[PDB]
Structures are given as C-alpha cells and as structure tokens.
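Let's start with one chain on its own, the form deposited in one PDB entry, as structure tokens.
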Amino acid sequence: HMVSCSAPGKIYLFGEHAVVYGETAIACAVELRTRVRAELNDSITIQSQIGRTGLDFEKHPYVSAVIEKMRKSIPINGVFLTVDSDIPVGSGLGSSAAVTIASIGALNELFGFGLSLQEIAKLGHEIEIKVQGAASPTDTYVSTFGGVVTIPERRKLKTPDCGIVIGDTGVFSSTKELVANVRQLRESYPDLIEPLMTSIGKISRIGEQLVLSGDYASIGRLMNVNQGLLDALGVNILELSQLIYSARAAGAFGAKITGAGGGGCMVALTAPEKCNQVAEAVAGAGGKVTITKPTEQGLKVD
C-alpha cells in the first residue's frame, strides 16, 4: 500500500515579472521533480529534507494544507508522506508547486479521490492561495501538465530538443520583495517602465514562433535580450551575471535569470553536445550546477 507520485519543476524561457502587468510569458517544465510517497499510518506524519513533523505549517505548510483540504472530502485519519526533491528551495524552479501537486497526486492515488488532472491543478492553485494568501495558477498548472506553456493563454508549445543548464548562485531570493521592488520602480517611472514590460511581452510572442519552429539559436538570442530587460528592472545580481556570462562564453544558445531574480538560479539553453562544457564553466564561475532537459511529463504516478 505504498504509493508514489512526482511532479516537475519549471523554468521561464521568457516573461517573468511582466505577467502580472498583463504581458505574455513562456514557461517550461524540466526534468527535476519532487517525489512524494504516501502510506497508510496511525497518525499524520510528514518527512522531508527539513525533518519529520505532523501537521506543521511552519515546516511543511503546503503538504499540511493539502492534507487538511483533501481530508474534508474523504476523511484522512493518518498517513505518512515522505518528500524528496531535486528542486532546490531557492529560485524560480517551482519547488512549492511541485510538492503541492505531487502531494495531491499521492493522496488521490492512496485514498481513491479519483481527481482529474484539471481538478488537481485547480486544487493545487487553491492550496497555494491558502498558504501564500494570494497566488497565480501558473505554477501548479505547469507542474500538473508539464511541457512548454504560454502564460496566460496556456497555449502548449513544441518541447525543445535541448539541454538546459541551471546555475544556482546559492543566494536566497525572496520573491515578494523583488516583486514589490519592481512595482515601486514602475510607480516611480511609469512612462519609462511600463513600455519596458511591453517589450518583455513582445519577446515572449516572438519567442512562441521560434519555439514552434525549433530555432534554439534565435530563442537563446531573445533570452539574452530578456536578461537585459530583467537587469534593467533591478532584479539581477553579480552572481547571476557571472553564471550567465560564463554559460554564454562556453557555447550556450542563451542564458538568463529564471523566476524572481535577486539571487536564485539562471538558466542556459544549450545544445546537448555543449551541456558539460557549459555546466563546467558555470561551476567554475561559482555556480551549483544542474544539467537537465524540458519534459512533457507533468504529474506522474511512479
């Protein structure tokens, strides 16, 4: 009676920060996944990298919210959930959405809730609102369904036959403060910054055709433009620049911040034959590197 589910993380090819101002973005699930194993138990126990708890909204807020929410439809007396992940809690890789979706998947399987993927993505959205007070459905949608998806129209795009090199600066990045900083900048210089958001949106809409045609060189070129605009919005840091420039010099098609910035990770779109060379340059410049690829697979019952 041992069930396991996994859900992937994601990167932004284009358009982070500008979505909340009405602009288009392109997200891409990657083959770094969070796994949740679930078992019948006498009590509620959650174990992850930060230890073992019961219901605990300081250490395990997403998993605990999932259990509380789902126990209202089919009562859950006890359960043992074990979480392990390749997604570092730290950047714009979607670690919160992955454990949320994987937790819902595991309990759906274990207790026979019979939820559809669409229902799961919607429930995962509700959980993140519960935990964060407000949240966009994007993270939990991409983790449920995988692949490449535009935001907010949710067009599904051809998954690139590409390497993806993620470089983690190890700097803790607080998404809400960076989002608030960008808002203050926009407020300070509205006629200047709002067109900058339009440009980021334009990049995503150009990028769509390039994703569909598989022009990874052109995609990387536009990723580099996008990186500049993100730098202009104030969310780049020295460590991110160094990883990004080191990836480019090693032959990446393009490299940029993914997610909120201010720390966290960058992403380098790389031909497969150049993944190691790119990864080595990024590690050499001080980055904790992960080599991965896009995935079409969202929530999976392992």
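Between two forms, the rigid core is defined as the largest C-alpha subset superposing within 1.5 Å. Residues carry their position along the shown sequence, with the first being 1.
We do not show the form deposited in another entry, though everything after this point is about it.
Shift of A271 between this form and the one not shown at or above 2 Å (CA, core fit) | Result for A271: no, shift under 2 Å.
Is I44 one of the residues whose C-alpha moves 2 Å or more between this form and the one not shown after the core fit?
-> The answer is yes, as the C-alpha of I44 shifts between this form and the one not shown by 2 Å or more after core alignment.
Aligning on the rigid core, do we see the C-alpha of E31 shift 2 angstroms or more between this form and the one not shown?
-> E31: C-alpha displaced by less than 2 Å between this form and the one not shown.
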